[PDB]
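Undergrad: Got a structure here, written out as structure tokens. Questions coming.
Every residue, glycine among them, receives a Cβ derived from its backbone with ideal geometry; neighbour counts consider all protein chains shown. Derivation of every value follows stated rules applied to the coordinates shown; laboratory data play no part.
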Amino acid sequence: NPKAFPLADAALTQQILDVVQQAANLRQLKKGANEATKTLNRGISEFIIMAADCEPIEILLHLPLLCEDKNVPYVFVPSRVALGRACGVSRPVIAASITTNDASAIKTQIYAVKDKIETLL
Amino acid sequence: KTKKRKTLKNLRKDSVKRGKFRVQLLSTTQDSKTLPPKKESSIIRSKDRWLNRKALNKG
Amino acid sequence: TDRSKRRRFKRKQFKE
Amino acid sequence: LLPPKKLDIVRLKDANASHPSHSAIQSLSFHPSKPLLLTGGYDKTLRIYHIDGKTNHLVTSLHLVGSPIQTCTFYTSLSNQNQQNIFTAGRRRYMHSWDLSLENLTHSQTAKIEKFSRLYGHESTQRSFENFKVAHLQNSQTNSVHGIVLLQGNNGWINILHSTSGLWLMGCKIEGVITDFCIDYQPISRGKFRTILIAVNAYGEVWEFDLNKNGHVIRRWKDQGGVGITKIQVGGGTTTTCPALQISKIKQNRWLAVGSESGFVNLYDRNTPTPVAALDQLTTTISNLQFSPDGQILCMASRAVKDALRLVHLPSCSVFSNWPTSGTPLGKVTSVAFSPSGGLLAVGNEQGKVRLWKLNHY
Amino acid sequence: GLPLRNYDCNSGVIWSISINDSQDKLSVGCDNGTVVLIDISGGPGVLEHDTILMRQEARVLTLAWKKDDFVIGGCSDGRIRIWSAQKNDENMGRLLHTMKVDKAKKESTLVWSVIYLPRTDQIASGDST
Amino acid sequence: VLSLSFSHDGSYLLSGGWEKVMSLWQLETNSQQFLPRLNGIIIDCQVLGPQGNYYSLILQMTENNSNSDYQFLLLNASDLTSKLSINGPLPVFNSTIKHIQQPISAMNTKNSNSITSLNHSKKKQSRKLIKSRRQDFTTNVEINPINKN
RNA sequence: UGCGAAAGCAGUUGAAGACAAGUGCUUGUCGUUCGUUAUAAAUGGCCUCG
């Protein structure tokens, strides 16, 4: 999985997999690659999460190109089955996006995570 | 005497604002080469206050 | 961005 | 071997009809040998019931003022079979013990109760004794065996105390928040066995400590696809639900099951690991994970919603279909217990009801 | 007795410096949590940059190595961190593990010093607590 | 330090002395727990049980210089509470009797004897009991009319 | 240490042996004896159960 880059590290993934969980609870999570593409085009995404273990990996490799075009941070997590479980579904999710909402109750840590991803990038 | 002291600070001042401009004096090349660069304080002053914390009771 | 600098600045400073 | 998909069960009378409980049932415990049941809860009372399946009368009751009961368990010394003890705890900075040896259980007018409240300088790591389990430790250097009381720390800490004297022996640490732990025994030779502490973090990293070597880590691995892990258990050998009576009875567990908030239960064969199966028949956080004494049945239950209890056949990893039914009354499951023998399943709910079933195959 | 060569780390201001077993590379800890590897095998007065390890938001107060493969760093966020420095390894610079020290409740916790123990393959850490 | 004793496994060390405090030294970490406040200084200390369930301690009550006042305490190791306290009558005589000697301490005091002071004090006590004529050894005692205690 | 009140009135604190240190000699010591009524100081402070 050399191309999946930057790949979040074992500590980081919890803070990533943590935030996505509440976002699913609060309906601020867009899940699945195609939904992520929508959010970038409309520019309603804080940042986007991808799974490196995907096969064949390229399917999400279009998302980054759209990401730096829009100056949106992005990061890779090792496991897709882990991601979908965090999304709150019975199927593995390869890509997920957090919806923009400055009035959200989970607002602070999302941007705290966003900063860490920005440093990672 | 205070006027003399203020005179030093003007000489010490290496940058001044001219209208929309601020012009900066350029230091000599030798001053950099002979000695290592000055320490930045915020990085160091932090260590000193930590070693001299109240809860420590250095007293 | 302006706030994030403050959040980063506040986080790095030691809390006494 | 029981059938894979068909399970032959008959319901019996409820246990607490003799004396109902006024609060939820936080835990259950079977006496290792005697036909007795222990029940405890926020009523602050350790109600013990003589289980027979036709009367289930109450033997004795013990109220503990100011001690809400979060868990309770029997304890029998592996060497001294005469020794009988009950350890109970709650959201408090102390633990109670009750000696059941000799005539204390029934004949004695008063109950010999003592309180553990001393951690010997490790007080910071621990805030409450509510989550605890009891295991058997072999001192190889002397070949003596004694009990140990295990606790959950504030920051990945596991405090190990001595069963009777209460002394602090050793401590184990993991990164992140400790969620659950379970104990596995590995026999070495005749009269020799080692105790292994298995601890798991929410992320899914699993630590394995050698409590016979000052609790040093011996193996580290991750639960595949594990996030939000909630409970961990082993099956197929000796354990808290299926304790041993003598050293030779010690046996290693072959099954390992991992719960999660999502409601999945991941199963591993103890004989990075790749899971055998990923059970999904519950859709809420796994609140109880327990195996049958022979390790042929796995029971998963969740307290989030009513009737969220399932039984898995092993090694088929197929959930039984005939049961539970819609008419099966389970309510908000909060406690599960397997008898050491006689194939009896006991399930508690929030309403204070312990309802009883018999595994006809056993 | 004069400065032979002045080299800019090109990062946050430096807290700590450490040298490897082979004495060919210097690891430099920064305020910005960046750890910079500086090659020195070229010669006396020859300081060159090898690699940057990933960027994290805590300071790097101390540094020591395990042979030439791993860099251990104590951080101002009360955590100890191992980076992989192996050449020819896909996990280069890779933060393999993180440890968290017990943190003072009312106070920020700092890992001031860390040292590696070759005989026992152990890390000894000193903290503000 | 007057009493030292190892635990059965060897992971704990019991110490007691003039401080009136029993100390459990936790040896893996050199931590220490304290059972202070005991009646007498600790002459002896032991772990008494197959599993270290109880501690047996010997107390002295040095305040009474006339007689050596021994008190035997058996403590439940689980909670460090008095399982059994044993002592006889504790009269305070006007002067020392027979061969009662004060316990050793760092310095010679009214309630203790230094290292050198022991032999001289023993000889002096014997020769006082032999040559001197004032031998009161009398104690005040009282009896309760209502309870006869 | 004796007597006495609590104040005080009288009287003591010797000799041998062994060890250590310094330089046969000097000094200091004694889990050594005989006889007379006869400074300290290894950084080392007291538990928890609302």
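Undergrad: Could I have the simple spin-label model distance between E:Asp89 and F:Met61, label points 7 Å from Cα toward Cβ, reported in nm to one decimal?
TA: Reported label-point gap for E:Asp89 and F:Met61 is 7.0 nm.
Undergrad: Now for a separate question. By average Cβ neighbour count within 10 Å, what is the ranking of D:22-34, E:38-50 from highest down?
TA: Values: D:22-34: 20.0, E:38-50: 12.6.
Highest-to-lowest ranking by the protection proxy: D:22-34, E:38-50.
Undergrad: Quick check on packing: order D:145-155, D:53-63 by the mean number of other C-beta atoms within 10 Å, highest mean leading. The partial results should precede the final answer.
TA: Numbers: D:145-155: 20.0, D:53-63: 13.5.
Averaged packing, sorted descending, gives the order D:145-155, D:53-63.
Undergrad: Arrange the following residues from fewest to most other Cβ atoms within 10 Å of their Cβ: E:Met92, A:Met50. Before the final figure, lay out the partial values.
TA: On the way: E:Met92 13, A:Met50 27.
Result, fewest neighbours first: E:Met92, A:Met50.
Undergrad: For peptide B:34-45, what's the mean number of Cβ atoms from other chains within 10 Å of each residue's Cβ?
TA: Numbers: counts 2, 3, 2, 3, 0, 1, 4, 0, 3, 7, 2, 0.
That works out to 2 on average.
Undergrad: What's the ranking of D:221-233, D:82-94 by average number of surrounding C-beta atoms within 10 Å, highest first? Present the calculation step by step, with values, prior to reporting the outcome.
TA: Values: D:221-233: 21.5, D:82-94: 19.2.
So the order, starting with the most tightly packed, is D:221-233, D:82-94.
Undergrad: Of all DSSP beta bridges located in chain A, what percent are antiparallel, nearest 5?
TA: Expressed as a percentage, antiparallel bridges in chain A total about 60.
Undergrad: Here is a follow-up. Taking 30 Å as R0, compute the FRET efficiency from the Cβ-Cβ separation of A:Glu35 and C:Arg7 and round it to 0.05. Could the numbers behind the result be given before it?
TA: Details: r = 28 Å, r/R0 = 0.95.
The value I calculate is 0.60.
Undergrad: Moving on to the next point. Nearest 10 degrees, 0 to 90: what angle lies between the long axis of helix F:117-130 and the longest principal axis of chain F (Cα atoms)?
TA: With both axes taken from Cα atoms, the answer is about 40 degrees.
Undergrad: May I pose another question? Taking only C-alpha pairs under 8 Å that are 6+ residues apart, what is the relative contact order of chain E in percent? If you can, show how the numbers build up before the last one.
TA: Details: 324 pairs, mean separation 22.1, N = 129.
Dividing the mean separation by the residue count of chain E yields 17 percent.
Undergrad: Right, another one. Mind checking C:6-16 for the average number of partner chain beta-carbons within 10 Å of each residue's beta-carbon?
TA: The per-residue average across the peptide is 5.
Undergrad: Over the whole of F:2-12, what's the average partner chain Cβ count within 10 Å per residue? Rounded to a whole number, please.
TA: Working: counts 0, 0, 0, 0, 0, 2, 4, 8, 2, 5, 5.
Neighbouring Cβ atoms belonging to other protein chains average 2 per residue here.
Undergrad: Another question about this same structure. Using each residue's phi in region E:5-10, evaluate 6.51 cos²θ - 1.76 cosθ + 1.60 at θ = phi - 60° and report the 3J(HN,Hα) Karplus result to the nearest Hz, with x for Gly and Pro.
TA: Couplings: 9, 9, 10, 8, 4, 6 Hz.
Undergrad: Also: Give me the distance in nm between label points sitting 7 Å out from Cα along the Cα-to-Cβ direction at D:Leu330 and E:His49, one decimal.
TA: The two pseudo-label positions are separated by 6.1 nm.
Undergrad: So how far apart, in nm, are the two label points at F:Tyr70 and D:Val217 if each is 7 Å from Cα heading toward Cβ?
TA: Modelled inter-label distance: 5.3 nm.
Undergrad: A follow-up question, please. Report the relative contact order of region D:51-99, percent, no decimals, based on alpha-carbon pairs under 8 angstrom and at least 6 residues apart.
TA: Working: 57 pairs, mean separation 14.0, N = 49.
Once divided by the residue count of region D:51-99, the mean separation gives 28 percent.
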